[PDB]
Number of protein chains: 2
Amino acid sequence: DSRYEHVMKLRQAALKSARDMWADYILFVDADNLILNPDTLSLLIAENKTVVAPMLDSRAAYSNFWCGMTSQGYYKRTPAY
Amino acid sequence: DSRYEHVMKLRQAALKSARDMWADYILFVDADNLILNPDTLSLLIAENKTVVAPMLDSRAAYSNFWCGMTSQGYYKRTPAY
């Protein structure tokens, strides 16, 4: 739980630091997320939605978007996955 | 001629602190002009031009915009004034 707390605090500090620089957008890459296609940022920016997140592939079913949380926020597959 | 070169050194050192902060627009007001009509900033913003300036008034003909430079950048009263 200390690691969860630290990650939350660090991301919150990043967001706070991106509001005092008067900056549109804040794109949160992480360690291993290989952003291959060079035009990712332009294609996300030119779409005008508040929180958008491209769908990265993988080797198996795993990806980076759910389709439904049941009662306490755990995966529930919905046939539109 | 030793005061001018301390005037520019205080604007060219201001137009540089509004380019490293990502700040649209910059309003140069010298502490001698009465900014009366409280909607001057919105009315200037909504005009969408590169360098725009309100036409303040004064007791005599002198206002803050010329209408022609002759050869050496000194006033010439074009009949459109």
# chains A, B, ... in the order shown; residues from 1 in each chain; ligands from 1

call {"tool": "interface_residues", "arguments": {"of": "chain A", "to": "chain B", "cutoff": "8 Å", "atoms": "only C-alpha atoms", "output": "count of residues only"}}
result
3

call {"tool": "calpha_fit_and_write", "arguments": {"fixed": "chain A", "moving": "chain B", "output": "mmCIF file with N, CA, C and O atoms, in the first residue's frame"}}
result
data_model
loop_
_atom_site.group_PDB
_atom_site.id
_atom_site.type_symbol
_atom_site.label_atom_id
_atom_site.label_comp_id
_atom_site.auth_asym_id
_atom_site.auth_seq_id
_atom_site.Cartn_x
_atom_site.Cartn_y
_atom_site.Cartn_z
ATOM 1 N N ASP B 1 0.590 -1.754 -0.088
ATOM 2 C CA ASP B 1 -0.300 -0.620 0.127
ATOM 3 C C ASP B 1 0.466 0.610 0.601
ATOM 4 O O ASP B 1 -0.133 1.658 0.857
ATOM 5 N N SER B 2 1.783 0.487 0.738
ATOM 6 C CA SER B 2 2.653 1.624 0.983
ATOM 7 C C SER B 2 3.417 2.053 -0.259
ATOM 8 O O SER B 2 4.264 2.946 -0.170
ATOM 9 N N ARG B 3 3.152 1.429 -1.405
ATOM 10 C CA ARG B 3 3.693 1.861 -2.689
ATOM 11 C C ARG B 3 2.675 2.651 -3.497
ATOM 12 O O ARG B 3 3.039 3.615 -4.183
ATOM 13 N N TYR B 4 1.402 2.257 -3.422
ATOM 14 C CA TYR B 4 0.340 3.068 -3.999
ATOM 15 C C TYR B 4 0.464 4.518 -3.552
ATOM 16 O O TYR B 4 0.606 5.424 -4.378
ATOM 17 N N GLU B 5 0.477 4.752 -2.246
ATOM 18 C CA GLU B 5 0.523 6.117 -1.743
ATOM 19 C C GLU B 5 1.856 6.795 -2.000
ATOM 20 O O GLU B 5 2.083 7.897 -1.492
ATOM 21 N N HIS B 6 2.747 6.158 -2.755
ATOM 22 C CA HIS B 6 3.830 6.870 -3.409
ATOM 23 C C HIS B 6 3.680 6.896 -4.921
ATOM 24 O O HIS B 6 4.514 7.500 -5.601
ATOM 25 N N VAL B 7 2.646 6.251 -5.463
ATOM 26 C CA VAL B 7 2.312 6.445 -6.871
ATOM 27 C C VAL B 7 1.456 7.696 -7.046
ATOM 28 O O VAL B 7 1.821 8.612 -7.790
ATOM 29 N N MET B 8 0.309 7.760 -6.357
ATOM 30 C CA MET B 8 -0.517 8.964 -6.420
ATOM 31 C C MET B 8 0.272 10.213 -6.052
ATOM 32 O O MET B 8 0.154 11.243 -6.721
ATOM 33 N N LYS B 9 1.099 10.142 -5.010
ATOM 34 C CA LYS B 9 1.913 11.299 -4.653
ATOM 35 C C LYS B 9 2.913 11.674 -5.736
ATOM 36 O O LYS B 9 3.661 12.640 -5.558
ATOM 37 N N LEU B 10 2.961 10.935 -6.843
ATOM 38 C CA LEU B 10 3.800 11.339 -7.962
ATOM 39 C C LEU B 10 3.000 11.642 -9.221
ATOM 40 O O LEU B 10 3.595 11.956 -10.259
ATOM 41 N N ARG B 11 1.672 11.539 -9.164
ATOM 42 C CA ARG B 11 0.840 12.062 -10.242
ATOM 43 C C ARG B 11 0.092 13.310 -9.797
ATOM 44 O O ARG B 11 0.091 14.325 -10.499
ATOM 45 N N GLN B 12 -0.536 13.262 -8.623
ATOM 46 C CA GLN B 12 -1.150 14.461 -8.071
ATOM 47 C C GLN B 12 -0.125 15.548 -7.801
ATOM 48 O O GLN B 12 -0.506 16.707 -7.617
ATOM 49 N N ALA B 13 1.160 15.206 -7.783
ATOM 50 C CA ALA B 13 2.228 16.189 -7.760
ATOM 51 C C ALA B 13 2.812 16.428 -9.142
ATOM 52 O O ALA B 13 3.831 17.112 -9.266
ATOM 53 N N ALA B 14 2.196 15.866 -10.180
ATOM 54 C CA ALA B 14 2.503 16.180 -11.570
ATOM 55 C C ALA B 14 1.375 16.922 -12.260
ATOM 56 O O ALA B 14 1.629 17.862 -13.012
ATOM 57 N N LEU B 15 0.131 16.522 -12.004
ATOM 58 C CA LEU B 15 -1.021 17.276 -12.472
ATOM 59 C C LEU B 15 -1.098 18.648 -11.820
ATOM 60 O O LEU B 15 -1.983 19.438 -12.157
ATOM 61 N N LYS B 16 -0.194 18.949 -10.890
ATOM 62 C CA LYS B 16 -0.125 20.269 -10.283
ATOM 63 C C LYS B 16 1.038 21.085 -10.822
ATOM 64 O O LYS B 16 1.045 22.311 -10.683
ATOM 65 N N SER B 17 2.018 20.439 -11.443
ATOM 66 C CA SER B 17 3.068 21.174 -12.127
ATOM 67 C C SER B 17 2.735 21.430 -13.589
ATOM 68 O O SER B 17 3.512 22.098 -14.278
ATOM 69 N N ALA B 18 1.606 20.920 -14.075
ATOM 70 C CA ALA B 18 1.084 21.263 -15.389
ATOM 71 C C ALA B 18 -0.187 22.079 -15.298
ATOM 72 O O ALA B 18 -0.929 22.163 -16.277
ATOM 73 N N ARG B 19 -0.467 22.657 -14.134
ATOM 74 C CA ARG B 19 -1.520 23.643 -13.972
ATOM 75 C C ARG B 19 -0.989 24.992 -13.537
ATOM 76 O O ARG B 19 -1.710 25.983 -13.624
ATOM 77 N N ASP B 20 0.251 25.046 -13.062
ATOM 78 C CA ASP B 20 0.912 26.295 -12.729
ATOM 79 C C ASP B 20 1.894 26.726 -13.802
ATOM 80 O O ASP B 20 2.684 27.647 -13.573
ATOM 81 N N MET B 21 1.867 26.076 -14.959
ATOM 82 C CA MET B 21 2.680 26.467 -16.095
ATOM 83 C C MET B 21 1.831 26.838 -17.302
ATOM 84 O O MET B 21 2.387 27.176 -18.351
ATOM 85 N N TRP B 22 0.506 26.791 -17.176
ATOM 86 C CA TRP B 22 -0.418 27.075 -18.270
ATOM 87 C C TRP B 22 -0.096 26.204 -19.479
ATOM 88 O O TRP B 22 0.305 26.688 -20.534
ATOM 89 N N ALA B 23 -0.262 24.899 -19.304
ATOM 90 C CA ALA B 23 0.095 23.935 -20.332
ATOM 91 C C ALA B 23 -1.127 23.115 -20.700
ATOM 92 O O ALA B 23 -1.627 22.346 -19.876
ATOM 93 N N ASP B 24 -1.604 23.276 -21.927
ATOM 94 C CA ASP B 24 -2.676 22.429 -22.422
ATOM 95 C C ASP B 24 -2.209 20.986 -22.475
ATOM 96 O O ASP B 24 -1.061 20.708 -22.825
ATOM 97 N N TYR B 25 -3.101 20.069 -22.116
ATOM 98 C CA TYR B 25 -2.883 18.636 -22.268
ATOM 99 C C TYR B 25 -1.734 18.127 -21.409
ATOM 100 O O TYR B 25 -0.837 18.884 -21.035
ATOM 101 N N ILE B 26 -1.757 16.844 -21.080
ATOM 102 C CA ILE B 26 -0.641 16.221 -20.388
ATOM 103 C C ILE B 26 -0.668 14.739 -20.726
ATOM 104 O O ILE B 26 -1.711 14.088 -20.626
ATOM 105 N N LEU B 27 0.465 14.200 -21.152
ATOM 106 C CA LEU B 27 0.534 12.849 -21.696
ATOM 107 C C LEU B 27 1.260 11.970 -20.692
ATOM 108 O O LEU B 27 2.482 12.064 -20.549
ATOM 109 N N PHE B 28 0.510 11.121 -19.995
ATOM 110 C CA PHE B 28 1.083 10.204 -19.014
ATOM 111 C C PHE B 28 1.496 8.936 -19.740
ATOM 112 O O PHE B 28 0.654 8.134 -20.141
ATOM 113 N N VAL B 29 2.797 8.755 -19.917
ATOM 114 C CA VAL B 29 3.348 7.527 -20.465
ATOM 115 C C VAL B 29 4.276 6.930 -19.421
ATOM 116 O O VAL B 29 5.146 7.621 -18.879
ATOM 117 N N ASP B 30 4.050 5.666 -19.094
ATOM 118 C CA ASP B 30 4.934 4.953 -18.188
ATOM 119 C C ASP B 30 6.025 4.263 -18.988
ATOM 120 O O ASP B 30 5.770 3.721 -20.066
ATOM 121 N N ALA B 31 7.246 4.266 -18.455
ATOM 122 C CA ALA B 31 8.390 3.855 -19.258
ATOM 123 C C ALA B 31 8.391 2.347 -19.451
ATOM 124 O O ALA B 31 9.352 1.661 -19.101
ATOM 125 N N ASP B 32 7.300 1.834 -20.009
ATOM 126 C CA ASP B 32 7.181 0.431 -20.377
ATOM 127 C C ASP B 32 6.454 0.216 -21.694
ATOM 128 O O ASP B 32 6.418 -0.921 -22.176
ATOM 129 N N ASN B 33 5.868 1.250 -22.290
ATOM 130 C CA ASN B 33 5.030 1.118 -23.472
ATOM 131 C C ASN B 33 5.767 1.658 -24.686
ATOM 132 O O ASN B 33 6.373 2.732 -24.626
ATOM 133 N N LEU B 34 5.709 0.914 -25.784
ATOM 134 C CA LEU B 34 6.337 1.334 -27.028
ATOM 135 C C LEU B 34 5.381 2.237 -27.796
ATOM 136 O O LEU B 34 4.330 1.782 -28.252
ATOM 137 N N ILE B 35 5.736 3.509 -27.938
ATOM 138 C CA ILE B 35 4.922 4.465 -28.685
ATOM 139 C C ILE B 35 5.457 4.444 -30.112
ATOM 140 O O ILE B 35 6.390 5.166 -30.470
ATOM 141 N N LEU B 36 4.862 3.587 -30.940
ATOM 142 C CA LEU B 36 5.419 3.306 -32.259
ATOM 143 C C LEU B 36 5.000 4.346 -33.290
ATOM 144 O O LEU B 36 5.837 5.088 -33.814
ATOM 145 N N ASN B 37 3.708 4.426 -33.577
ATOM 146 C CA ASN B 37 3.214 5.241 -34.677
ATOM 147 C C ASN B 37 3.492 6.711 -34.391
ATOM 148 O O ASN B 37 2.858 7.289 -33.497
ATOM 149 N N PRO B 38 4.404 7.356 -35.123
ATOM 150 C CA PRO B 38 4.872 8.691 -34.719
ATOM 151 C C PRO B 38 3.805 9.771 -34.755
ATOM 152 O O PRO B 38 4.089 10.898 -34.331
ATOM 153 N N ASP B 39 2.602 9.481 -35.236
ATOM 154 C CA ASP B 39 1.528 10.461 -35.260
ATOM 155 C C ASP B 39 0.473 10.195 -34.199
ATOM 156 O O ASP B 39 -0.707 10.471 -34.433
ATOM 157 N N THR B 40 0.863 9.656 -33.044
ATOM 158 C CA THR B 40 -0.118 9.382 -32.004
ATOM 159 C C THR B 40 -0.532 10.652 -31.271
ATOM 160 O O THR B 40 -1.699 10.795 -30.890
ATOM 161 N N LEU B 41 0.386 11.606 -31.110
ATOM 162 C CA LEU B 41 0.065 12.802 -30.345
ATOM 163 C C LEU B 41 -0.872 13.717 -31.117
ATOM 164 O O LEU B 41 -1.845 14.231 -30.555
ATOM 165 N N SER B 42 -0.609 13.927 -32.407
ATOM 166 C CA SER B 42 -1.507 14.752 -33.210
ATOM 167 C C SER B 42 -2.869 14.093 -33.372
ATOM 168 O O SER B 42 -3.904 14.768 -33.309
ATOM 169 N N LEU B 43 -2.890 12.777 -33.584
ATOM 170 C CA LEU B 43 -4.161 12.077 -33.726
ATOM 171 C C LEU B 43 -4.966 12.103 -32.436
ATOM 172 O O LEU B 43 -6.200 12.099 -32.481
ATOM 173 N N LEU B 44 -4.299 12.119 -31.281
ATOM 174 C CA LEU B 44 -5.033 12.232 -30.027
ATOM 175 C C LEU B 44 -5.510 13.660 -29.791
ATOM 176 O O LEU B 44 -6.619 13.874 -29.290
ATOM 177 N N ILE B 45 -4.688 14.651 -30.138
ATOM 178 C CA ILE B 45 -5.081 16.042 -29.938
ATOM 179 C C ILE B 45 -6.297 16.376 -30.786
ATOM 180 O O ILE B 45 -7.267 16.971 -30.304
ATOM 181 N N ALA B 46 -6.279 15.979 -32.055
ATOM 182 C CA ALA B 46 -7.321 16.389 -32.990
ATOM 183 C C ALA B 46 -8.662 15.720 -32.731
ATOM 184 O O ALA B 46 -9.588 15.911 -33.523
ATOM 185 N N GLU B 47 -8.798 14.949 -31.653
ATOM 186 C CA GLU B 47 -10.054 14.273 -31.369
ATOM 187 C C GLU B 47 -10.967 15.054 -30.437
ATOM 188 O O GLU B 47 -12.174 14.794 -30.427
ATOM 189 N N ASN B 48 -10.426 15.990 -29.656
ATOM 190 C CA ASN B 48 -11.229 16.940 -28.888
ATOM 191 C C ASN B 48 -12.166 16.230 -27.906
ATOM 192 O O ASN B 48 -13.390 16.314 -28.005
ATOM 193 N N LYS B 49 -11.568 15.517 -26.954
ATOM 194 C CA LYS B 49 -12.318 14.914 -25.859
ATOM 195 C C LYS B 49 -11.543 15.107 -24.565
ATOM 196 O O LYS B 49 -10.332 15.333 -24.575
ATOM 197 N N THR B 50 -12.257 15.008 -23.443
ATOM 198 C CA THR B 50 -11.687 15.422 -22.164
ATOM 199 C C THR B 50 -10.570 14.488 -21.713
ATOM 200 O O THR B 50 -9.490 14.941 -21.319
ATOM 201 N N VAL B 51 -10.812 13.182 -21.751
ATOM 202 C CA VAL B 51 -9.836 12.183 -21.332
ATOM 203 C C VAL B 51 -9.874 11.060 -22.352
ATOM 204 O O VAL B 51 -10.838 10.287 -22.390
ATOM 205 N N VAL B 52 -8.834 10.964 -23.175
ATOM 206 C CA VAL B 52 -8.772 9.993 -24.257
ATOM 207 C C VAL B 52 -7.484 9.199 -24.117
ATOM 208 O O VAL B 52 -6.502 9.691 -23.553
ATOM 209 N N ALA B 53 -7.491 7.958 -24.611
ATOM 210 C CA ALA B 53 -6.368 7.050 -24.428
ATOM 211 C C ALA B 53 -6.273 6.077 -25.597
ATOM 212 O O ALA B 53 -7.266 5.405 -25.918
ATOM 213 N N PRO B 54 -5.117 5.969 -26.242
ATOM 214 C CA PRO B 54 -4.981 5.029 -27.352
ATOM 215 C C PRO B 54 -5.111 3.597 -26.874
ATOM 216 O O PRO B 54 -4.836 3.278 -25.717
ATOM 217 N N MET B 55 -5.547 2.728 -27.780
ATOM 218 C CA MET B 55 -5.761 1.319 -27.476
ATOM 219 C C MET B 55 -4.553 0.528 -27.947
ATOM 220 O O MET B 55 -4.555 -0.015 -29.056
ATOM 221 N N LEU B 56 -3.533 0.454 -27.104
ATOM 222 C CA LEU B 56 -2.331 -0.306 -27.396
ATOM 223 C C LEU B 56 -2.664 -1.781 -27.570
ATOM 224 O O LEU B 56 -3.746 -2.242 -27.204
ATOM 225 N N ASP B 57 -1.718 -2.521 -28.132
ATOM 226 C CA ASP B 57 -1.888 -3.945 -28.372
ATOM 227 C C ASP B 57 -0.944 -4.752 -27.487
ATOM 228 O O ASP B 57 -0.006 -4.225 -26.886
ATOM 229 N N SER B 58 -1.206 -6.053 -27.413
ATOM 230 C CA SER B 58 -0.358 -6.951 -26.643
ATOM 231 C C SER B 58 -0.557 -8.370 -27.149
ATOM 232 O O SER B 58 -1.433 -8.639 -27.973
ATOM 233 N N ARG B 59 0.270 -9.281 -26.631
ATOM 234 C CA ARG B 59 0.280 -10.652 -27.132
ATOM 235 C C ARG B 59 -1.034 -11.370 -26.861
ATOM 236 O O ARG B 59 -1.492 -12.158 -27.694
ATOM 237 N N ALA B 60 -1.655 -11.112 -25.715
ATOM 238 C CA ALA B 60 -2.899 -11.783 -25.368
ATOM 239 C C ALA B 60 -4.037 -10.776 -25.308
ATOM 240 O O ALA B 60 -3.865 -9.616 -25.692
ATOM 241 N N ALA B 61 -5.204 -11.213 -24.835
ATOM 242 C CA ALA B 61 -6.374 -10.346 -24.823
ATOM 243 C C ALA B 61 -6.168 -9.092 -23.986
ATOM 244 O O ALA B 61 -6.816 -8.077 -24.254
ATOM 245 N N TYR B 62 -5.289 -9.137 -22.987
ATOM 246 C CA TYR B 62 -5.131 -8.016 -22.068
ATOM 247 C C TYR B 62 -4.722 -6.755 -22.811
ATOM 248 O O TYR B 62 -3.646 -6.699 -23.412
ATOM 249 N N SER B 63 -5.579 -5.740 -22.764
ATOM 250 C CA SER B 63 -5.206 -4.416 -23.238
ATOM 251 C C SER B 63 -5.477 -3.416 -22.130
ATOM 252 O O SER B 63 -5.794 -3.815 -21.007
ATOM 253 N N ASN B 64 -5.378 -2.123 -22.419
ATOM 254 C CA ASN B 64 -5.394 -1.117 -21.362
ATOM 255 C C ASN B 64 -6.735 -0.406 -21.236
ATOM 256 O O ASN B 64 -6.784 0.780 -20.915
ATOM 257 N N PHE B 65 -7.849 -1.105 -21.446
ATOM 258 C CA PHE B 65 -9.153 -0.506 -21.184
ATOM 259 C C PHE B 65 -10.149 -1.602 -20.845
ATOM 260 O O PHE B 65 -10.279 -2.574 -21.592
ATOM 261 N N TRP B 66 -10.839 -1.453 -19.719
ATOM 262 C CA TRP B 66 -11.874 -2.403 -19.331
ATOM 263 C C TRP B 66 -13.141 -2.107 -20.120
ATOM 264 O O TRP B 66 -13.157 -1.273 -21.026
ATOM 265 N N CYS B 67 -14.230 -2.794 -19.788
ATOM 266 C CA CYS B 67 -15.515 -2.432 -20.366
ATOM 267 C C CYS B 67 -16.653 -2.498 -19.359
ATOM 268 O O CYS B 67 -17.818 -2.412 -19.764
ATOM 269 N N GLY B 68 -16.363 -2.652 -18.070
ATOM 270 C CA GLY B 68 -17.407 -2.614 -17.066
ATOM 271 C C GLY B 68 -16.926 -2.903 -15.660
ATOM 272 O O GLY B 68 -16.165 -3.848 -15.436
ATOM 273 N N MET B 69 -17.369 -2.099 -14.702
ATOM 274 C CA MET B 69 -17.089 -2.320 -13.292
ATOM 275 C C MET B 69 -18.344 -2.870 -12.630
ATOM 276 O O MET B 69 -19.441 -2.344 -12.847
ATOM 277 N N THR B 70 -18.193 -3.926 -11.830
ATOM 278 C CA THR B 70 -19.381 -4.645 -11.371
ATOM 279 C C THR B 70 -20.029 -3.965 -10.168
ATOM 280 O O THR B 70 -21.094 -3.351 -10.283
ATOM 281 N N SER B 71 -19.389 -4.061 -9.004
ATOM 282 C CA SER B 71 -19.858 -3.356 -7.820
ATOM 283 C C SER B 71 -18.696 -2.694 -7.096
ATOM 284 O O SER B 71 -18.822 -1.581 -6.575
ATOM 285 N N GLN B 72 -17.555 -3.382 -7.065
ATOM 286 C CA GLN B 72 -16.381 -2.937 -6.329
ATOM 287 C C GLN B 72 -15.217 -2.621 -7.260
ATOM 288 O O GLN B 72 -14.054 -2.690 -6.858
ATOM 289 N N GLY B 73 -15.519 -2.274 -8.507
ATOM 290 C CA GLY B 73 -14.484 -1.840 -9.432
ATOM 291 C C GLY B 73 -13.485 -2.910 -9.808
ATOM 292 O O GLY B 73 -12.278 -2.643 -9.844
ATOM 293 N N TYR B 74 -13.957 -4.117 -10.089
ATOM 294 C CA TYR B 74 -13.105 -5.179 -10.590
ATOM 295 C C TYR B 74 -13.628 -5.657 -11.937
ATOM 296 O O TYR B 74 -14.804 -5.477 -12.264
ATOM 297 N N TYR B 75 -12.736 -6.262 -12.713
ATOM 298 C CA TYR B 75 -12.996 -6.511 -14.123
ATOM 299 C C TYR B 75 -14.228 -7.381 -14.333
ATOM 300 O O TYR B 75 -14.473 -8.335 -13.591
ATOM 301 N N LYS B 76 -15.003 -7.043 -15.364
ATOM 302 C CA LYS B 76 -16.108 -7.864 -15.842
ATOM 303 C C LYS B 76 -16.155 -7.784 -17.359
ATOM 304 O O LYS B 76 -16.356 -6.704 -17.919
ATOM 305 N N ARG B 77 -15.982 -8.926 -18.016
ATOM 306 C CA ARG B 77 -15.879 -8.976 -19.473
ATOM 307 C C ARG B 77 -17.270 -8.836 -20.072
ATOM 308 O O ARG B 77 -17.997 -9.812 -20.258
ATOM 309 N N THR B 78 -17.650 -7.600 -20.365
ATOM 310 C CA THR B 78 -18.878 -7.363 -21.104
ATOM 311 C C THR B 78 -18.731 -7.897 -22.527
ATOM 312 O O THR B 78 -17.679 -7.724 -23.149
ATOM 313 N N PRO B 79 -19.762 -8.545 -23.072
ATOM 314 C CA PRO B 79 -19.634 -9.160 -24.401
ATOM 315 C C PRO B 79 -19.333 -8.182 -25.530
ATOM 316 O O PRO B 79 -19.235 -8.592 -26.689
ATOM 317 N N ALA B 80 -19.191 -6.898 -25.219
ATOM 318 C CA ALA B 80 -18.780 -5.911 -26.206
ATOM 319 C C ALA B 80 -17.269 -5.730 -26.265
ATOM 320 O O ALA B 80 -16.800 -4.763 -26.872
ATOM 321 N N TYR B 81 -16.503 -6.627 -25.648
ATOM 322 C CA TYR B 81 -15.057 -6.443 -25.570
ATOM 323 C C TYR B 81 -14.366 -6.904 -26.846
ATOM 324 O O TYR B 81 -13.645 -6.130 -27.489
#

call {"tool": "select_by_dssp", "arguments": {"residues": "chain A", "states": "alpha helix (DSSP H)", "output": "PyMOL selection string"}}
result
chain A and resi 2-17+40-45

call {"tool": "write_last_selection", "arguments": {"atoms": "N, CA and C atoms", "output": "JSON list (two decimals), in the first residue's frame"}}
result
[["chain", "number", "residue", "atom", "x", "y", "z"],
["A", 2, "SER", "N", 2.07, 1.19, 0.52],
["A", 2, "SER", "CA", 2.97, 2.34, 0.44],
["A", 2, "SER", "C", 3.28, 2.68, -1.01],
["A", 3, "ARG", "N", 3.44, 1.67, -1.86],
["A", 3, "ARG", "CA", 3.71, 1.92, -3.27],
["A", 3, "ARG", "C", 2.53, 2.58, -3.96],
["A", 4, "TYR", "N", 1.31, 2.12, -3.66],
["A", 4, "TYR", "CA", 0.12, 2.77, -4.20],
["A", 4, "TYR", "C", 0.05, 4.23, -3.76],
["A", 5, "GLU", "N", 0.30, 4.48, -2.47],
["A", 5, "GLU", "CA", 0.28, 5.85, -1.97],
["A", 5, "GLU", "C", 1.32, 6.71, -2.67],
["A", 6, "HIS", "N", 2.53, 6.18, -2.86],
["A", 6, "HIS", "CA", 3.58, 6.96, -3.50],
["A", 6, "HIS", "C", 3.24, 7.26, -4.95],
["A", 7, "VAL", "N", 2.71, 6.28, -5.68],
["A", 7, "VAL", "CA", 2.34, 6.51, -7.08],
["A", 7, "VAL", "C", 1.25, 7.57, -7.16],
["A", 8, "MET", "N", 0.23, 7.47, -6.30],
["A", 8, "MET", "CA", -0.84, 8.46, -6.31],
["A", 8, "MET", "C", -0.29, 9.85, -6.04],
["A", 9, "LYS", "N", 0.54, 9.99, -5.00],
["A", 9, "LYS", "CA", 1.07, 11.31, -4.67],
["A", 9, "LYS", "C", 1.92, 11.87, -5.80],
["A", 10, "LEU", "N", 2.74, 11.02, -6.43],
["A", 10, "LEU", "CA", 3.63, 11.51, -7.47],
["A", 10, "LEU", "C", 2.85, 11.96, -8.70],
["A", 11, "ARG", "N", 1.84, 11.18, -9.11],
["A", 11, "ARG", "CA", 1.02, 11.62, -10.23],
["A", 11, "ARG", "C", 0.25, 12.89, -9.90],
["A", 12, "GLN", "N", -0.25, 13.00, -8.67],
["A", 12, "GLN", "CA", -0.95, 14.22, -8.28],
["A", 12, "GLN", "C", -0.02, 15.43, -8.34],
["A", 13, "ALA", "N", 1.23, 15.25, -7.91],
["A", 13, "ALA", "CA", 2.20, 16.34, -8.01],
["A", 13, "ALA", "C", 2.49, 16.70, -9.46],
["A", 14, "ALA", "N", 2.55, 15.69, -10.34],
["A", 14, "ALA", "CA", 2.74, 15.98, -11.76],
["A", 14, "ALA", "C", 1.58, 16.81, -12.30],
["A", 15, "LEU", "N", 0.35, 16.41, -11.99],
["A", 15, "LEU", "CA", -0.80, 17.17, -12.46],
["A", 15, "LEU", "C", -0.77, 18.59, -11.93],
["A", 16, "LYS", "N", -0.43, 18.76, -10.65],
["A", 16, "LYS", "CA", -0.35, 20.11, -10.09],
["A", 16, "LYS", "C", 0.74, 20.92, -10.77],
["A", 17, "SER", "N", 1.84, 20.28, -11.15],
["A", 17, "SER", "CA", 2.90, 21.00, -11.85],
["A", 17, "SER", "C", 2.54, 21.31, -13.29],
["A", 40, "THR", "N", 1.01, 9.75, -32.88],
["A", 40, "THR", "CA", 0.07, 9.49, -31.80],
["A", 40, "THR", "C", -0.46, 10.79, -31.21],
["A", 41, "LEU", "N", 0.43, 11.71, -30.85],
["A", 41, "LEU", "CA", 0.01, 12.94, -30.18],
["A", 41, "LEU", "C", -0.89, 13.79, -31.07],
["A", 42, "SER", "N", -0.56, 13.92, -32.35],
["A", 42, "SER", "CA", -1.40, 14.73, -33.22],
["A", 42, "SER", "C", -2.79, 14.11, -33.37],
["A", 43, "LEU", "N", -2.86, 12.79, -33.51],
["A", 43, "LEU", "CA", -4.15, 12.15, -33.74],
["A", 43, "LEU", "C", -5.01, 12.12, -32.48],
["A", 44, "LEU", "N", -4.40, 12.11, -31.30],
["A", 44, "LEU", "CA", -5.19, 12.26, -30.08],
["A", 44, "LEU", "C", -5.63, 13.70, -29.88],
["A", 45, "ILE", "N", -4.76, 14.67, -30.20],
["A", 45, "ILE", "CA", -5.09, 16.07, -29.96],
["A", 45, "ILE", "C", -6.21, 16.53, -30.89]]
